[PDB]
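Student:
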Amino acid sequence: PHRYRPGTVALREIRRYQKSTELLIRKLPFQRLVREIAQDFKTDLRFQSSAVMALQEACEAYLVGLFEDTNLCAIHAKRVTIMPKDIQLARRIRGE
Amino acid sequence: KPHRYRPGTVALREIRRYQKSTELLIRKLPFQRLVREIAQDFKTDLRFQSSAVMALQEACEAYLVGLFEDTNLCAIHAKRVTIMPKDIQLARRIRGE
Amino acid sequence: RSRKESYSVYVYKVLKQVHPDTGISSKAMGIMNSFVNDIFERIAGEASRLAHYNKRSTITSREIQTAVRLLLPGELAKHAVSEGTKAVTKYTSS
Amino acid sequence: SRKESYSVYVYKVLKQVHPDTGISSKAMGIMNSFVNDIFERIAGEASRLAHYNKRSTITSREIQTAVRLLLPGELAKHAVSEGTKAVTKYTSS
Amino acid sequence: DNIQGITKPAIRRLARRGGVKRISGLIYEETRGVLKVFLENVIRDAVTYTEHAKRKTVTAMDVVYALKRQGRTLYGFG
Amino acid sequence: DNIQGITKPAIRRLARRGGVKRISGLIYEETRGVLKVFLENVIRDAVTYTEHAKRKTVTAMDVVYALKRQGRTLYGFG
Amino acid sequence: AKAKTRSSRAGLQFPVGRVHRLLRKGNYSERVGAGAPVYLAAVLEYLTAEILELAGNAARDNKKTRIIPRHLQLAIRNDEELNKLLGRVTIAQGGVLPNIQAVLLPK
Amino acid sequence: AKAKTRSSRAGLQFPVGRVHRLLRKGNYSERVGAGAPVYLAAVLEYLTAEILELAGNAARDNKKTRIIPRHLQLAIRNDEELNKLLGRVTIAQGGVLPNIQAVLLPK
DNA sequence: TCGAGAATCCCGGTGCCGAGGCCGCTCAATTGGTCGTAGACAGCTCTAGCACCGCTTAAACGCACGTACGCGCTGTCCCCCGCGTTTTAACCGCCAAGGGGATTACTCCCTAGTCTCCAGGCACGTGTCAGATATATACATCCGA
DNA sequence: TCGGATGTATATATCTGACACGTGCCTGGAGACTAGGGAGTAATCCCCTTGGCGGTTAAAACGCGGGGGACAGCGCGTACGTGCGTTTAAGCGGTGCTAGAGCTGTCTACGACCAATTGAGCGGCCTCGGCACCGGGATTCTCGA
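Residue numbers (the entry's author numbering), protein chains in the order written: chain A, 38 to 133; chain E, 37 to 133; chain D, 31 to 124; chain H, 32 to 124; chain B, 24 to 101; chain F, 24 to 101; chain C, 12 to 118; chain G, 12 to 118.
1. Kindly indicate the opening and closing residues of the beta strand (DSSP E) around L97 (chain F).
2. Counting only C-beta atoms, is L62 (chain F) closer than 8 Å to chain C at any point?
3. How would you call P43 (chain E), buried or exposed, if buried means at least 16 neighbouring beta carbons within 10 angstroms?
4. Are the CB atoms of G99 (chain B) and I61 (chain H) within a distance shorter than 8 Å?
5. Expressed to the nearest angstrom, what Euclidean distance is found between the alpha-carbon atoms of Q47 (chain D) and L102 (chain H)?
6. By the three-class DSSP mapping on this structure, what secondary structure does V111 (chain H) have?
7. Leaving out the 5 sequence neighbours to the left and right, which residues in its chain are closer than 8 Å to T118 (chain E) when beta-carbon positions are compared?
8. Where does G37 (chain C) sit, in a helix, a strand or coil, going by DSSP?
9. Does DSSP classify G53 (chain D) as helix, strand or coil?
10. Who does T80 (chain F) pair with in a DSSP beta bridge?
11. What does a CB cutoff of less than 7 Å around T96 (chain H) pick up in its chain, not counting 5 residues either side in sequence?
12. Who does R42 (chain G) pair with in a DSSP beta bridge?
13. Looking at C-beta atoms only, is the number of pairs between the stretch 36-50 of chain B and the stretch 50-58 of chain A that lie closer than 8 Å three or more?
14. I'd like to know if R92 (chain F) contacts chain E, where contact means its C-beta is closer than 8 Å to some C-beta of that chain.
15. Out of F:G41, F:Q93, F:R45 and F:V57, which one is the CA nearest neighbour of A47 (chain E)?
16. Flag this pair as yes or no: are the beta carbons of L82 (chain E) and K79 (chain F) separated by less than 8 Å?
17. Relative to the C-alpha of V98 (chain D), which residue among B:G48, B:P32 and B:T71 is closest?
18. According to a CB-to-CB cut-off of less than 7 Å, which residues of the stretch 65-97 of chain F neighbour chain D?
19. Less than 8 Å between the beta carbons of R40 (chain F) and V101 (chain E), yes or no?
20. With 16 other CB atoms within 10 Å as the buried threshold, where does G114 (chain D) fall?
21. Which partner residues does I78 (chain C) have in the DSSP bridge list?
22. Three or more beta-carbon pairs under 8 Å between the stretch 12-24 of chain G and the stretch 44-57 of chain G, yes or no?
23. Please list, in chain order, all residues of the same chain as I78 (chain C) whose beta carbon is under 7 Å from its beta carbon, the five residues on each side excluded.
24. Starting from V71 (chain E) and walking both ways along the beta strand (DSSP E), at which residues does that stretch end?
25. For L126 (chain E), would you say it is in contact with chain F, using Cβ-to-Cβ distances shorter than 8 Å as the test?
26. For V57 (chain B) and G28 (chain G), what's the separation of their Cα atoms in angstroms?
27. Classify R69 (chain E) as buried or exposed, calling it buried when 16 or more other Cβ atoms lie within 10 Å of its own Cβ.
28. Let me check understanding here. Comparing Cα to Cα, which of G:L33, G:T16 and G:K15 lies closest to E35 (chain H)?
29. Judging by CA-CA distance, which residue of G:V30, G:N38, G:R35 and G:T76 is the nearest neighbour of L45 (chain H)?
30. With distance defined between alpha-carbon atoms, name the residue in C:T101, C:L55, C:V54 and C:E61 nearest to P80 (chain C).
31. Look at the alpha carbon of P66 (chain E) and the alpha carbon of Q76 (chain E), and state the distance between them as a whole number of angstroms.
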């Protein structure tokens, strides 16, 4: 009955995803999300492909930074898991 | 001696009083001496205006009270009431400094 | 020999316009002057950047309007835009 | 559409510091954007210093002060030395 | 209906890149809300930048600008 | 030395204004350290500002510039 | 013939001439439009009127007829939008608004 | 006419003439000194040389002879002064320097 | 909940200096005109974004199982708090002085501006090799037997 | 714990599209000269910043009793990690169409420049009213039993 103990697969994923530099959020759903968000600001707006790529890159970098900060908060609170209070305090300290 | 205040009540009165007011907390002369001593190693015998030291101390106090505030929030998040140096160093790390 | 420049008379006029009788201390006067200067500098810098962004050389009404919509929160931006447009059209009506 | 950018200069300085290392197109764009951003930052600081000192010109002193304000310690020292050397050698001609 | 399109595995992958071992199940709603707020702000800035230029296409240049004006600049796009 | 100029009661009052009930022991050394580093940065910027203008007295308005450069504006001084 | 000031022409109180001169001599751009100083002065006047109305309300709350930096600081922070606009400035004689956390309260 | 480029006159690699043109056209001040573009070109060249040497090292120890944005971000973040200078900068197509907190690691 | 003890809002009275109004002076904003050009507008091109259509397969979903641990609870020990008592140096007031910040004048000379000339850099085109993929092999390592 | 199996680092073939380099051209940089206002330099003043002395008192420093809190240990039941089968739709590659960005020509209204001027705004003085400060005492908390 081969089975990896919890945590090891998480560590492998963490190392593999920190070593890599590719784009994580799927492109098409993010493009649709951006189009919907911009739809209520202007009628029938158009978007350049490079603009959507820049939006995705900036948003992913911001999320990675926020998750790193909230992981710091979690390991500060004597635990290894993150819950919404952690990211809430991280945002509040960051000055959102 | 009867009627000794339990810890926390005096602290609560002090915190309410100092939040209500807006006077100067850091003593003027020690801060001015400190800033002169820390600036004398950047340029020899340079002079400081009184309003310059006043503005510097005001910015000092504002930054320090903001930090504390944030570190008190962080300490509260850790199921603690008292701030610890871990809290300030983590708050500084999150603030990017 | 001194010709220091400040927004004291104008902020006092607007204060007496909104509140019939309210004093402003010297510290509050300097604070309001600094706030006015900071907001003006921010809006002017944003308008300058916006003029440089389309190879244009004129700071016009649209530049400051977009700068206001950029640097101000929602309700504040809407109210400031309405007030600025009203002032501009009143001036041009003369 | 004669778009202009710091394209050949970054490559030249790279081939000067490293003989065979190449730069990809994305790396070229990143380096060009970084050069543009740093130049704009230093120019803005110099302009603020010159205008807010009741002066009307940007000289070597203004940019030296701007680069001492912007860059961190060791980078500021080395950049100031390099700029002074370049200005002195240019004036010597 | 579409904000959900940023699904749970994508959030988990982003967090793993961020450097966190375990993830709770209540964080996905919060991170989707954070995503929506941040994208609303940045896209509003980009949209008004385009509206100033009498354009209908949000170019990448104005988006990166708007990010820079937000206080979080970005390279690799000019 | 001269870093003990700010004292234990003074830091206690600063923290009480900041909104914290109880205070540890090493907290004073940590706050003195962070205060020293922040004041060193601001004083370096202000001293360079007053050095550029061929002056040997630091006016308050330089200090205002030094604070503004570090992304912390100050009001009531010019 | 006639010296009708431009500030009264626009129906304002802030100096449109002074902001025009500042824009022109502030090297923001090569040239400045005619309506640009009027728009900028109107925006500045509205912002100042809003912040001063809030400060005066706060002062009247504290049974004082003189606006002081404490009242301005309180009026800025209590209102959410002006707090967001001025969220990075440190007002002299600030005295941050009272705030005690729920857990810290005795029980 | 001798036709001696000013960039080669100062012994630099960056275009001092183009920097001077950008300084003049860019609304910074009504007049720009002669040594200012030389100083700016020297500063830009030194910064680019430092960052490119670091990125070249990060490429060489990665068994690759071509710099990619990942190598540039690794060079920027690994150094201390550059990280302080480029603090708010987000590098497109770059990743993140690998790190794992001590607590999260297994026993 | 019911007692005394302390801490604070409220009120009245007195003084004080800072804000508000007034005065005179000036310099900068307004009138009016002239003139060069920035861009508003119309017209055209044509790169590029959008919608569709189908195929493939990576990725997300749902569910079952286990177990790591987040949280609650309790015990301990310690360590800041409150408070009383001693010490010290901050602060206020006053007095001297001279460093240099701010101002004005003058002359040098640095740089904007223009004309002319030419070559450095850019758009375009083409070779070619650095590296991305795939297969096979050997090492790191993980979790049990 | 050694050991089976999983994942990952390493060598080799290969084929591809992006990078490095050559080429023509033109627009922007450079050589040279002018002229005009910025500022470097020189005095001069008086503002204020440094320095020092006396007191006086608030606040810092020290020390002790102790109760509340930080932290470690332990139990538990749940929420999340991990893996497998199913479902989904993202990503791939073409293909067509046109809304709209980019470029070009023009001519006109709009903003810079400039002489004159006059009144809006600033420097300085004066005054009284809003506010700081002290004494009384009623309310509002806090603590022990």
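Just so you know, even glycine gets a beta-carbon here, dropped at the ideal spot from N, CA and C.
Tutor: Considering the structure as presented:
1. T96 to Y98
2. no
3. exposed
4. It is a contact, given that the beta carbons lie within the stated cut-off.
5. 48 Å
6. helix
7. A111
8. coil
9. strand
10. For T80 (chain F), which the question treats as bridged, DSSP gives the partners E:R83.
11. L80
12. H:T88
13. Because the criterion of three Cβ pairs below 8 Å is met, the stretch 36-50 of chain B and the stretch 50-58 of chain A touch.
14. No, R92 (chain F) does not count as interfacial toward chain E.
15. F:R45
16. yes
17. B:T71
18. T96
19. yes
20. buried
21. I78 (chain C) is bridged to D:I54.
22. yes
23. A66, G67 and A70
24. Annotation: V71 (chain E) is outside any beta strand (DSSP E); the continuous alpha helix (DSSP H) that includes it extends over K64 to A75.
25. No - not a single Cβ of chain F is within 8 Å of the one on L126 (chain E).
26. 46 Å
27. Exposed is the call here.
28. Taking only the C-alpha atoms, the option nearest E35 (chain H) is G:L33.
29. Closest option to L45 (chain H), Cα to Cα, is G:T76.
30. C:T101
31. 15 Å
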